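S.K.: Take this structure first; my questions come after.
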Amino acid sequence: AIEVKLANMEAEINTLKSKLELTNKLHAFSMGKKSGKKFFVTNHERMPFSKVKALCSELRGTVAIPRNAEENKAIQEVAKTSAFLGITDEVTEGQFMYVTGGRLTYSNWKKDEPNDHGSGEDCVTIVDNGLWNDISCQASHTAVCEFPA
Amino acid sequence: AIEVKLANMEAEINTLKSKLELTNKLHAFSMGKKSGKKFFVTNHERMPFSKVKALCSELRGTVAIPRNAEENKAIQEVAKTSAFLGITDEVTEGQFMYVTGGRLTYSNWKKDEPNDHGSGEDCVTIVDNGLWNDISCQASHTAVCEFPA
Amino acid sequence: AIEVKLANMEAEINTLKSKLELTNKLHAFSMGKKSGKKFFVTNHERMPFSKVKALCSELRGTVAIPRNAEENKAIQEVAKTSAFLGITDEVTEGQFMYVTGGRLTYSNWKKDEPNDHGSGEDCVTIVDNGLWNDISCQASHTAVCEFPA
Ligand SMILES: CC(=O)N[C@@H]1[C@@H](O)[C@H](O)[C@@H](CO)O[C@@H]1O
Ligand SMILES: CC(=O)N[C@@H]1[C@@H](O)[C@H](O)[C@@H](CO)O[C@@H]1O
Ligand SMILES: CC(=O)N[C@@H]1[C@@H](O)[C@H](O)[C@@H](CO)O[C@@H]1O
Ligand SMILES: [Ca+2]
Ligand SMILES: [Ca+2]
Ligand SMILES: [Ca+2]
Ligand SMILES: [Ca+2]
Ligand SMILES: [Ca+2]
Ligand SMILES: [Ca+2]
Ligand SMILES: [Ca+2]
Ligand SMILES: [Ca+2]
Ligand SMILES: [Ca+2]
Ligand SMILES: [Cl-]
Ligand SMILES: [Cl-]
Ligand SMILES: [Cl-]
């Protein structure tokens, strides 16, 4: 009994793992995930950057980061409005970095941005043009999370 | 060996339970669930009130119930059309009750409603502009379920 | 006690199986599955027929197959653009069969189709007005999968 049931439960666990992997794939597919492409998702809620980071962290994803013009357009299409990107110059003013680490490679700044306007701006939002504007991390913008290709 | 295998499998099970919870969260997020807000969803199928209750119950949810102006609006946008709410006066005419218990608090009746028209109307549907109308529980309207915030 | 832990484990696994089934039901509901009806899903990605087949197959579904006017309409709504159907005359030219077996019964061909045009056309796409056109299996059209009622 004991050994047999233990061996059976190991097979039961492996079967359930396979089914959940399937459930995940089907949900990503219905969410619009394209083969070999990372996918972006939003609930259309607007909130402060700190809240977006916490939310995408819970979902085991990260705040959306466009690494090139294609991804940038992909994020623009998902958000539909101004949305925070996983980019900030919180650590050293003027030096934008990915929240996942590293200096910015690709960028699509609007003319004369980033300017750390007025009281200060350390976060970044992709606007209704695909272009970027640095903005207050405390302002509320659309939460867009990113998951691996 | 055995005690070790058992412990290791219990750990695998804990990991799977969290992963499933993650799946549920990402799904709700992708479908528009806002932070600290109930999750409203529909398959866009119209049916008798009896079936909507059976359906939502099978999904471990309940028929959508607007507790305030904001929730009523949220339900309105998810539904798009006439949909039953979890409210009926099948016990005492004029005394509408939530299917989950308790007397009606917030309401948003349309002019001349509730009128328990014709042979009687004990169910409630959210209609145009988010206004309410009592209707026969036998009539078919959109099924909208709610899940806790 | 080893046996007590084994029994709890069984209960944990069974509880997980039931929760996963609920998650699958809620996902299907959210993606529009109607009671007693199979449902269709798409990620809106265009690809060759062999790829769509492989993709749906991996998800334990099949390339969408309209069995009547209602399903044809549902598939048309989901696709939004030209999409492959699980129907082909690859095995015997002129005799269309469902990828899952059996001769084609219900059809919705555009006037003058199927015509195995040019070098040949063995696949089928639902196009404008929901009508059908036989096309090369090598062409890239929208991937739409169907899942059991
Ligand atoms: C709060 C807000 O929208 N601030 C923007 C600022 O980020 C931008 O750089 C500037 C450009 O003229 O326009 C506004 O001041
Ligand atoms: C203004 C008025 O009498 N409206 C009634 C409504 O109360 C009733 O629920 C419905 C039943 O189909 O018939 C009419 O629309
Ligand atoms: C009327 C006619 O011959 N139409 C053909 C169509 O059947 C074929 O599938 C397609 C392939 O590119 O080329 C034309 O559109
Ligand atoms: Ca700063
Ligand atoms: Ca700054
Ligand atoms: Ca700025
Ligand atoms: Ca009554
Ligand atoms: Ca009544
Ligand atoms: Ca009425
Ligand atoms: Ca042929
Ligand atoms: Ca052919
Ligand atoms: Ca043709
Ligand atoms: Cl800031
Ligand atoms: Cl009634
Ligand atoms: Cl072909």
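Every chain in the structure tokens has a letter given in the order shown (A, B, ...), and although residue numbers restart at 1 in each chain, ligands are simply numbered from 1 in the order shown.
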Distance cut-off 6 Å, counting only C-alpha atoms - which residues of chain A neighbour chain C? Return them as a ChimeraX atom specification.
M.R.: /A:29-30,32
S.K.: Which protein, DNA or RNA residues have an atom within 6 Å of ligand 3, counting only C-alpha atoms and all ligand atoms, as a list in words?
M.R.: residues 113, 115, 117, 133, 134 and 135 of chain C
S.K.: Give me, as a VMD selection string, the residues of chain C that a backbone DSSP run labels helix (DSSP H, G or I).
M.R.: chain C and resid 2 to 30 49 to 58 69 to 79 128 to 130
S.K.: Neighbours of ligand 4 at 8 Å or closer, counting only C-alpha atoms and all ligand atoms: which residues, as a ChimeraX atom specification?
M.R.: /A:89-94,116,120-122
S.K.: Can you write out the residues you just picked, keeping N, CA and C atoms, as an mmCIF file, in the first residue's frame?
M.R.:
```cif
data_model
loop_
_atom_site.group_PDB
_atom_site.id
_atom_site.type_symbol
_atom_site.label_atom_id
_atom_site.label_comp_id
_atom_site.auth_asym_id
_atom_site.auth_seq_id
_atom_site.Cartn_x
_atom_site.Cartn_y
_atom_site.Cartn_z
ATOM 1 N N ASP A 89 14.841 56.860 -13.205
ATOM 2 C CA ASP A 89 16.155 57.424 -12.896
ATOM 3 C C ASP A 89 16.131 57.821 -11.423
ATOM 4 N N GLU A 90 15.454 56.991 -10.632
ATOM 5 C CA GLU A 90 15.339 57.167 -9.184
ATOM 6 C C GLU A 90 16.681 57.084 -8.473
ATOM 7 N N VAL A 91 17.525 56.157 -8.917
ATOM 8 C CA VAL A 91 18.827 55.962 -8.284
ATOM 9 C C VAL A 91 19.796 57.115 -8.486
ATOM 10 N N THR A 92 19.937 57.564 -9.726
ATOM 11 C CA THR A 92 20.809 58.687 -10.032
ATOM 12 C C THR A 92 20.082 59.553 -11.060
ATOM 13 N N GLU A 93 19.664 60.744 -10.636
ATOM 14 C CA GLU A 93 18.954 61.676 -11.508
ATOM 15 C C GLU A 93 19.630 61.815 -12.868
ATOM 16 N N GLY A 94 18.841 61.661 -13.927
ATOM 17 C CA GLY A 94 19.373 61.800 -15.268
ATOM 18 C C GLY A 94 19.789 60.494 -15.909
ATOM 19 N N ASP A 116 12.762 65.974 -16.148
ATOM 20 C CA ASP A 116 12.616 66.063 -14.680
ATOM 21 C C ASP A 116 11.868 67.350 -14.335
ATOM 22 N N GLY A 120 10.020 67.493 -10.002
ATOM 23 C CA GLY A 120 10.773 66.281 -10.257
ATOM 24 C C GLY A 120 9.988 65.175 -10.931
ATOM 25 N N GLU A 121 10.673 64.407 -11.774
ATOM 26 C CA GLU A 121 10.063 63.295 -12.504
ATOM 27 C C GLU A 121 11.071 62.158 -12.636
ATOM 28 N N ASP A 122 10.796 61.024 -11.993
ATOM 29 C CA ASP A 122 11.726 59.893 -12.064
ATOM 30 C C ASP A 122 11.196 58.626 -12.727
#
```
S.K.: Show me, as a list in words, the residues that have an atom within 7 Å of residue 106 of chain B when counting only C-alpha atoms, minus same-chain residues fewer than 2 positions from it.
M.R.: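 After dropping sequence-adjacent residues, the list is residues 67, 68 and 104 of chain B.
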S.K.: When distances are computed from only C-alpha atoms and all ligand atoms, which of C:125, C:35, C:66, C:1 shows the smallest separation from ligand 15?
M.R.: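 The answer is C:125, which sits nearest to ligand 15.
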S.K.: Mind pulling up the distance from atom CA of residue 51 of chain B to atom 14 (C, counted along the ligand's line) of ligand 2?
M.R.: 22.9 Å
S.K.: Name the residues of segment 91-128 of chain C that fall into strand (DSSP E) according to DSSP on the backbone, using the chain letters and numbers of this document, as a ChimeraX atom specification.
M.R.: /C:97-98,123-126
